[PDB]
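Some notes on the structure that comes next.
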Ligand SMILES: Nc1ccn([C@@H]2O[C@H](COP(=O)(O)OP(=O)(O)OP(=O)(O)O)[C@@H](O)[C@H]2O)c(=O)n1
Ligand SMILES: Nc1ccn([C@@H]2O[C@H](COP(=O)(O)OP(=O)(O)OP(=O)(O)O)[C@@H](O)[C@H]2O)c(=O)n1
Ligand SMILES: [Zn+2]
Ligand SMILES: [Zn+2]
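Residue numbers (the authors' numbering), protein chains in the order written: chain B, 1 to 153; chain D, 1 to 153; chain C, 1 to 310; chain C', 1 to 310; chain A, 1 to 310; chain A', 1 to 310. A prime marks a further copy of an entry chain.
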C-alpha cells in the first residue's frame, strides 16, 4: 500500500520484483520457473511502457524472496533484468543475474539418443564461456551444444 | 477507496477485463488460449482476495475485445468468470461464459489410438451436458469421455 | 446431383435414413441390371494400411464390376510408406493428387476422417478405422436384412457374441435405430456385454431391447440372428472354454425358427456356428458377403456420379 | 517414328536437350487433352524389387490413365523371385517374353541397364537403381519448373539439404546443365556437400554456382528452391541435431521471395519444411507429385507409340 | 528332516500355514546371518522356457548367494528345447540326470506339475506356469508383509488393479487366508474383478471382504496397499482411459495413510504408481524385490538341505 | 581406502592421471601374481542391454578370474528388461538390491550415468553407452601402450580410420592427453575426421598434432599405429572404395616402422589390416585383447576391495 498506476505499476509490501524482463520473456519465465505455483498474490505487467528497451515485462511476487541461484537461472533468458528485494515499501536489495555453472531442469537435450528423455531424471547442463556465446553440456550424454540450439528445441 | 480493494486498479481505458478467475485457472487460461501473444498491455493479478466469492485471479488485457466464441471456450475452465468490455473507462458490457458447441484446439483426446496424437490436426470435441456432467466426443475417433477424464488426460 | 455425390462415407452416424435407403435402393438396381462401364476411366486407390483380404477383395471386385481401374497396397507386410517420418496428412495429400476416390482401412480410429481434411475434392470411403466405424459392413448387413425380410423396420433382431468389442454390432444397432419399431435381444457373456452408451441411445429413442442368456429363450420370435466372432484373447483360455463357449449355434437350435429367420455373421466364423447350420435355409452368411459387392458398388456409383440413370 | 520410340529410359545422361523438351511438350498436351485408350491392350510390368509406394502408385496410375493393364510385384516383403539362385538376366529374359514394357526399381546400381541386355525389344524404363539414376523423378521436377517458371533456362535454382547423397539433386543439376545460363546456389552442411564431380562438370561448362550457408543469403534472387530430405543416419544424432538442423524452411523465411518462387521437394519431407509453408503460394511440392503423372504418361506414350498424334 | 526337504514347490495351495511360516522364518535367518557355502557343489538348472529377466536374475543370484552353481537358459524365439517334437517330459527326464534341483517358468499351466512326474528325486520349483501359479512371489510378498507389519494375521489388506487376471493377487489371497482375521478390500474396474471362486472360498472360511471403487475410499484403514499393473491389451484404449479419475496412485492420495501402511507391487510399474510415491515412506516395492532374494534362498536351502541349523 | 574404492567408472573424463596410473599399476600386479579368490562371495551383474560378445566375455572372464559369481543377460530382440514400460531406472533400482556391482552396456548415451542415480551404493561400470564413452577399452589400450613402449608420455602416436565416430579414438586422445609431450598424427578420410572439439582441447593443453593422409607419410616416426575400422554404412560403397590406394595396412607398409612400433586395433578387423601384418612383430591387437582381462580385473578389484596389498 501506496500508489500503483500501470506505466510503471507500484508497491507491494515485502517480496520480490523482477523488473526489466526483455519483452515476451515474462510469461516464459512464469511458465518455466513455475513462479505461479505459489499462494501469494502475484502481480504481472506485460509489454509495459519503459526506460530504454521501450516496452518491457515485470513480475511482483509478494512475501517470497528468491535469490542467489534462482536469480541466476534467469540469466539465459532475462540477463538484463534487476531483482529487487523489498521489505517494508523499500528496496532493501537489488541483484542482477549472472551465468550459473549448472542450469537444472528447464532445458531439453537436443541429442535424440540421450537417455534423459525417457526417464525420471531432471535435465542438467554444465554452462560455459560468457557472452561471446555460451555452450551447454548435458550431464548424461556429455555432448556439448550451442545454447541457441538447445533453446530452439 | 480503502478497504485496500485494488490499490487504485489500473483502470484500463478500453479492453477486456476477466474477473473471478477461480484461483490457479488464471495461469491456465493464459497458456491455453495464448492470451499473451499480443503486443498490448496486459496486467495480471493472481491469488487476489475475493472476500466475495473465493480468492481469485484477474487478467486485464488492453485495447482488445475478446468476444462471443472466445468467451464461451472459457466455460470448461472458469465457469464462474465475468468478462467485461470497456470502451471509455467503465464497463460497457459484462458477459458470462456459456458452454459452447464445440471446443477446438485446447483439449487432447484421451484415446491413445486416436489419430489426432500423431498428426497435424487441431483437436475438436463436441460438448454435451449429460446433466450430472458434460461428455466430450472426439471428432476423429468418435469416442465420448467425461469432461474430467479429458481435462486431466 | 444425388445427395451422396462427392460425399465422404466415413461414419454411419453421418448417414440419415434417407441416405441409407438411397444406397439400398441403388444396390438393388445394380444387382438387377449391371452397369459395367459406369466408372470407366475412373482410377480408385485401395489403401489398406492394415491388411484385410476379405474386405479388399470385395471392394476391388466392386470397382472392377463398374469398370474402374484400381491401384494400391495392402500392408502389415512393409510396403514402405510411413517410412522416414511421412505423416498420413502427407500421404493422402499426395495420393489425392491423382486418383478419383480413396478407399482406406487404417489401424487408428479417426484416420479416415483425417484423410478428409487433405483430400480436396477426392472422396474418402472408410473400409475400417481401428475400433471405430466400418460403414460398408453395415450397408451390406442392412441390404441383406432388407432383401430377405422385405423391410428394415418392425424387426426382431437378436445379437449374439461379443457385443462389447464387436465394431459391426455396435454400428448396426445404431443404423437399425434409425428405423421404426425394431426390437433387440442381446445374448452375450457378462464380460462381453453391449456397452452402456448403446443402451442409453436405445432408451432415449424408446426402442425396446432385452438381455437373455440362451438363444433358446428367443428363437421363436426372431427374424435376424446376427452372430459374432468371440476372439479368445478377449477372455482367458479357461474362460472362453468354461461355461461361456455356448453362444454357439448348431442346427438343432433352429427347430422352432420362423420360416423367415436368417443367420448373418460378418465372418470369419471359426466355431461359433457349426458347419451343419450351412445346410439349413436360414444360413445366410455367405449370401451376406455376396451382397457386399452390391452395397459397395452402389456407394462408389452414387459418390462418383452426379446423376445416376437407373 | 518419334526419337524415343522403343528406347530404354535408363539415365538422364543419355537424354539430350531435344529429348527432354519432347517429353516435356508431350506431358503438357496429355495434361491438357487426355488419351485414355492410347495404350489399350498393352500390358506393362511394374517390377519394384525394392519397395517404393509413392513411385509405384504414380507409375501405375499413369499406366491406368492411358488404358494399359499392369501386372507385377513390390518386394522387400519376400514375393519369392531371386529364390533358388535365379539371376536378374534370367528374370528379365522371362518377363520380356510376355509384357510390352518393364518398369523397374532395384537396390543395386546398374540393374536397369543390365535388364536392357536381356529384354530384346521390350523397353525398360528405370524407376530407380540404387544410388545411381531415377530419370522419371528428374522429368517430373523439370516439368514442374517449366510449367511454373515458363522456362528451363536462365533460372536461379537453389539446392538445399543433403547434396552429397541425394540422388535427385545430382541428376537435376545435370539436366539443368543441359540448358542455358542457369545459376546454382548450393546450401548444405559441410559433411553433406555437393560432390566434386558435379562441380567439376559445372565448371567445365561455364555454368555459375556458389555455396551459401543460409537460405536468407539467397532468397531474393531465387526462382526454384529445391529442398531435400536429410536422413539422420547420414550424420549422428547429436550432429543432425546440433547447429546443423537449420536447413529447414519455415513460412517467415519466404518474406522476400519473388512472386514466382517455388519450393519443390521429392518427398517424404519429415521436418525440413515446416507445415506453415503449405499455406503459402510458393509451396509446390504436392503439385510437383501430381505432375509425376503427366511426365510418366508422356514417356510411356512416346516409348510404346510410333507416331504420336497430338 | 525339515518338512520341505526334497519336496516339489509347485503351488501355494499345497503349502500349509506352518510350511509358509517355516519358509519365512528361515528367510529372516538367512537375511541376518548369510551362509554362502551352504549349497557348495550343487548344480541347479534355471530353465526359463518363458523369459522373465527379473525373476530369472533374482533366482540365479539366490543360487549364487548360497554358493551353488547354475546351468540353464531363457528362450524367446531361439534355442532348441521343448522344440515341438521334443516333449517337456523328455526335456525334464533328460535334464533330471544332469542336475540337483530344477527351477522352471513355462507358458502353459501345470508345466511344473507335469515336470514333477518325470524328474526322479530331483525337486522342481515353479517360477510361473501360465496363468496358474507363482509360489515364490507369494512367498516374498508375505515375507515383506510380515517384515513391515510384524504379523500375517488381523491385517487390513487392499488389493488394486487387474484382480481378474493378476496371478499374484489370486495366490496372495489364498495364502493370506490360511492366517486369521484378515480383512480384504478389492478395488478393481468391474470388468477386471476378483473371480467368484476367490470370493466363494473366502466366505467358507468366514473372511471379511468388501469391494470398493477407489483407493480413496479405504486409504485410511489400510495396512498393505497391493497394487497390480492393469493390462491394456485386455481392455480397449478408451475403456482403459475412461474410469473415475482412475485407480493409479500418487503421493496426494497418501496424505491419509496410516504410518505403517506400505505400498507393494510385484513390478513392472508403468503408470499405476507415480514417481512421487517412490520418495514417501510408504513406498515398499523395491525393498519387496530385494526380499525376493531371501525368500528364494530359504526355499532352496530347505529343499536341498535336510536339517538346517542356522 | 584406495582412491577408486566404491566409485562409479563412467567416463575417462572423470578419471585423473593418477587414477589411470593406479589402475595400470594394479593390472600389472594382477597379471604377474594372480589372486583368484579376491572377490569370492561377490555377485556381479553383466547387464548387456546391447550385445557385444567380445566385451561381454572379457568381463565375465575377469569376474571369474578373481573368483566372483555372475548373473546377467545380453538382449538382441528378446528378453524382458528395459521393455518400454519398464524404465531403465526401475530395472537398476531393482537389480541394485540383488548384486554387489553392475557392469552394463546400453545403446543410448548416458545410460550408465542415469544408472548411478538409482544403484544405491552399488558401483556401476560402463561397458559402452551409445556413442559416448567406453572407459575399460581406453584402460586396456593405455595398459598395452605402457607395457609395449615403457611409458605413457612423449609418444608419437598415429590414429587411423574413422576418427569422426570411433568412440575409442575420442577417449584415447582424451586420456593420452593427461600425460606429457605426446604427439598425435591423425590420418583419416576428410569426411571421417577428428572433430574440432578433440582438436580444440588439444590446443589448450599445447599438444602437438598434425593431420596426414597416408600412414606412409608417418610410418617412420611412429611408436603406436592405432587403427580403427571404417564403417561402410556411413559412407557410400563407391566413396568407400575411391580413396588413394587406401588407408588399410599390409606388411609392405611396415618395412619402414621403428623396431618398437606396434599396431593396435580395438577389433573387429575386416579389411583395414591384412593377414600378413599378423605375422610381423609389430602386430599387437590380439595381445591387446588379452590385456583386456588384466585391465578389467584391476578395475573390479579396486572398486570392490578397500585396500589391496598385492
Ligand atoms: N514497494 C515497492 C517499491 C518498489 N517497487 C518496484 O521496485 C522496482 C525497482 O526499484 P527502485 O530502485 O525503487 O526503482 P529503480 O530506481 O527504477 O530501480 P532500478 O534502476 O534498479 O530498475 C520498480 O520496478 C518498482 O515498481 C515496488 O513495486 N514496490
Ligand atoms: N476503466 C475501467 C473500468 C473498470 N475496470 C474493471 O472492470 C471490472 C468490472 O467490474 P464492475 O462492473 O466495475 O464492478 P464489479 O462489482 O467488480 O463487477 P462484478 O459484478 O463482476 O464483481 C472491475 O474489475 C474493474 O477493475 C477497469 O479496470 N477499468
Ligand atoms: Zn543429453
Ligand atoms: Zn479421439
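Note that beta-carbon positions come from the ideal geometry of N, C-alpha and C, so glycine has one too.
_By C-beta, the residues closer than 7 Å to any heavy atom of ligand 3, given in chain order_ = B:109, B:111, B:114, B:116, B:138, B:140, B:141, B:143, A':109, A':110
*Closest to residue 69 of chain D by CA distance: which of D:97, D:59, D:142, D:34 is it?*
D:97
*Note down, in chain order, every chain C' residue with its Cβ under 7 Å from the Cβ of residue 41 of chain C.*
36
*Do residue 200 of chain C and ligand 1 come close, with the Cβ less than 7 Å from some heavy atom?*
no
*Looking at the C-beta of residue 268 of chain A, does it have a partner C-beta in chain D at a distance below 8 Å?*
no
*For residue 91 of chain D, is the classification buried or exposed, using 16 other Cβ atoms within 10 angstroms of its Cβ as the cut-off for buried?*
exposed
*Report whether the distance from the Cβ of residue 10 of chain B to the nearest heavy atom of ligand 1 is below 7 Å.*
yes
*Pull up the CB-CB distance for residue 134 of chain A and residue 168 of chain A, whole angstroms please, since I reckon it's below 8 Å.*
6 Å
*Hey, would you say the C-beta of residue 147 of chain A is under 7 Å away from at least one heavy atom of ligand 2?*
no
*Which chain D residues are close to residue 256 of chain A, counting only those with a beta carbon under 8 Å from its beta carbon?*
Simply none; closest approach about 20 Å.
*Rounded to the nearest angstrom, how far is the Cβ of residue 61 of chain A from that of residue 284 of chain A, given a contact under 8 Å?*
The pair is not a contact, with the Cβ atoms about 20 Å apart (cut-off 8 Å).
*residue 80 of chain C to residue 43 of chain D, Cα distance in whole Å?*
53 Å
*Selection from C':166, C':179, C':141, C':138 that minimises the alpha carbon distance to residue 153 of chain C'*: C':179
*Give a yes or no on whether the minimum CB-CB distance between residue 134 of chain A and chain A' is below 8 Å.*
no
*Counting only beta-carbon atoms, is residue 44 of chain B nearer than 8 Å to chain D?*
yes
*Taking Cβ positions, are residue 26 of chain D and residue 57 of chain D nearer each other than 8 Å?*
yes
_Quick check: what's the CA-CA separation for residue 31 of chain D versus residue 137 of chain D?_
23 Å
*Cα-Cα separation, residue 7 of chain A' to residue 125 of chain A'*: 9 Å
*Taking the continuous alpha helix (DSSP H) assigned at residue 171 of chain A, which residues delimit it?*
167-176
*Going along the chain, which residues of its own chain have a beta-carbon closer than 6 Å to the beta-carbon of residue 294 of chain A, five neighbours each way excluded?*
27, 30, 31
*So with Cβ pairs under 8 Å, would you call residue 145 of chain B a contact of chain C'?*
yes
*asked:* For a contact defined as C-beta to C-beta under 8 Å, what are the partners of residue 307 of chain A on chain C?
replied: By Cβ distance, chain C contributes nothing, its closest Cβ being about 41 Å from residue 307 of chain A, past 8 Å.
*Determine, using beta carbons only, whether residue 111 of chain B and residue 139 of chain B come nearer to each other than 8 Å.*
no
*Which two residues bound the contiguous beta strand (DSSP E) that contains residue 47 of chain D?*
42-50
_For residue 244 of chain C', the three-state DSSP class (helix, strand or coil)_ = helix
*Considering only residues of the segment 50-134 of chain A, which uninterrupted beta strand (DSSP E) runs meet the minimum length of 3 residues and lie entirely inside it, listed in chain order?*
69-74, 101-106, 124-129
*asked:* Determine whether the beta carbon atoms of residue 267 of chain A and residue 90 of chain A' lie at a separation below 8 Å.
replied: yes
_Cut-off 6 Å between Cβ atoms - residues of its own chain near residue 194 of chain C, not counting five sequence neighbours on either side_ = 163, 186
*Going by Cα to Cα distance, which pick from C:204, C:296, C:136, C:203 is closest to residue 171 of chain C?*
C:136
_Using 8 Å for Cβ pairs, my map puts residue 4 of chain A next to residue 175 of chain A. What's the rounded Cβ distance?_
Not confirmed; about 15 Å, so no contact.
*asked:* Cutting at 6 Å between CB atoms, please list the residues of its own chain near residue 240 of chain C', excluding the five before and the five after it.
replied: 232
*Does the separation of the CB atoms of residue 76 of chain A and residue 59 of chain A fall below 8 Å?*
no
*Looking at residue 20 of chain B and ligand 1, is the gap between the Cβ and the nearest heavy atom below 7 Å?*
yes
*Opposite residue 147 of chain C in the DSSP bridges: which residues?*
Answer is none; residue 147 of chain C lacks a bridge partner.
_Residues in the segment 98-126 of chain D having any Cβ partner in chain C nearer than 9 Å_ = 109, 111, 113, 114, 115, 116, 117, 118, 119, 120, 121
_Closest Cα partner of residue 181 of chain C' within the set C':189, C':203, C':252_ = C':203
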